[PDB]
Structures are given as structure tokens and as C-alpha cells.
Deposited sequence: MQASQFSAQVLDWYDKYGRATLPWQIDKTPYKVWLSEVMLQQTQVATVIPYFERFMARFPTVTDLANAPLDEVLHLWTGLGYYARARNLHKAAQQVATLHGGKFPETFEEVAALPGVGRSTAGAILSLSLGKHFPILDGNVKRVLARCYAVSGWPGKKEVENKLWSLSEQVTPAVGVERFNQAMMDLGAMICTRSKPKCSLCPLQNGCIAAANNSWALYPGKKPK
């Protein structure tokens, strides 16, 4: 499907079903988006909501998080699992306080340099909070794009580079809505039995061939 049509269809879909009412989607700031992305990396949205609210109440700013004892951060994280995220979260907060005077960085390199934040997460933080022109590529997005019929295992460098398709379909105008739409689409284009309610159904190769099971490829 033509890139221009891909982004246009996803944006039109988001405008009608794009439920952007979650806490981290209102009065967005790099800090709030970063915090939510880290919590959402390996935890379901329903579970994350109360923690996000608790964290924002206890740590209104990144400096408050940086100055808090690690033990307190880990205690509040209890129940989210995958604590390496919490440890990196605290280190990143301290890096922001130390290197950026407490102002969460708004430039890609400085964001990506934070512990626990990669190319995709950095792109998400800046695109969603400031509308900066960056594409994303998490598990949800890989699924949607792979189902352009990319059958290789994303674990392979060449396949990962191929998927990073994301750049081609991601627009600058409306990037915040498009990136959120892609994540919503992949989360609600599911692993099993996708609900091809999808704005890409008229051009998706997997849908046309009823072959979604082949994309993305599984670890060989």
C-alpha cells in the first residue's frame, strides 16, 4: 500500500476511534510520556494506570524522581514486574537532573542516551509529547508493518532494518496521532486472530492472503 495512503487511512481511523483519553495522553510532556512508555514496555495498560497516577502524584517532576531514594521507587513499582526498568528509570531521572538541569531533554540524541531508552522509545517520547518527526517500532508496530509481508525474524539485523517501512509511512504532519494510532492498532492487529476493524484491510497483504500467521517471522 502506498505510504501516503497508509498514513492517511490510519489518521482518518484515529480521528473516529482514536480514544486518546489515558492519563499520559492528556497535557502531555516528555516526562509523562517517558514514564508511561517505560511502564507500558512490558505491562498491560489496565495494570499501569494506577501506578502512573501514583508516580505522577509522588513525583510531579523528573527532579523529584531523581532525588527520591531508589528503595522508594522500587517500592512504588512493586507489582509492575521487570524491575530493571525501574532501576534504569531512576538512573535516567538522575541523568536528566545532572546533565540537563532537571529539564527533560527534547532532542533525540540526549533522550536516546538515557538508560532504558532506545531508538523507538526516544522517538515515541518526542513525537507524542512535542510532535517531533520520528517513527516508532515496538512489538505492536512490527506486527502491523510486517503483516508489507515481512516474513523474516525481526531478531535478524537485516529484517529489523527493513522494518525501520516505519520511516516510509510515518508523516511529519500529525505524527503524534499517527504514532499513537499505530500502537493502538497493534495492541487492540493482535498476535492471534487479528480483527482485520482495521483501516489497512483494503491493502494489507496478510489480510488479502489470510496469512497473518507468517508475519513477523518467528525465531528460527
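- Residues of the deposited sequence that lack C-alpha coordinates fall in the stretches 148, 166, 191, 200, 225.
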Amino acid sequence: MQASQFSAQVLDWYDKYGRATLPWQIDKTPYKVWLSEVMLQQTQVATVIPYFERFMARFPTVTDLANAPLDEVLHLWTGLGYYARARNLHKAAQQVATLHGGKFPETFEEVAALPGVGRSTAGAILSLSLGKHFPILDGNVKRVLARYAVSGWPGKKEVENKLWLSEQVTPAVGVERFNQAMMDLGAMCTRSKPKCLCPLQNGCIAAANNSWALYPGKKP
From here on, numbers count along this sequence of modelled residues.
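- Just going by the entry, 102 to 110 versus 83 to 91 on mean CA temperature factor gives the higher value to 102 to 110.
- Of the two stretches examined, 169 to 177 and 22 to 30, the record assigns the greater average C-alpha temperature factor to 22 to 30.
- Per the deposited coordinates, the residue with the largest Cα temperature factor out of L163, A66, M39, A187 is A187.
- The residue among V45, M182, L35, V62 whose C-alpha carries the highest B-factor in the deposited model is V45.
- Among the modelled residues of its chain, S129 has a C-alpha B-factor that falls in the middle third, as given in the PDB entry.
- The PDB entry assigns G118 a C-alpha temperature factor belonging to the middle third of its chain's modelled residues.
- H75 sits in the highest third of its chain by CA B factor, as recorded in the PDB entry.
- Among all modelled residues in its chain, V141 ranks in the highest third by Cα B-factor.
- Among the modelled residues of its chain, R54 has a C-alpha B-factor that falls in the middle third according to the deposited record.
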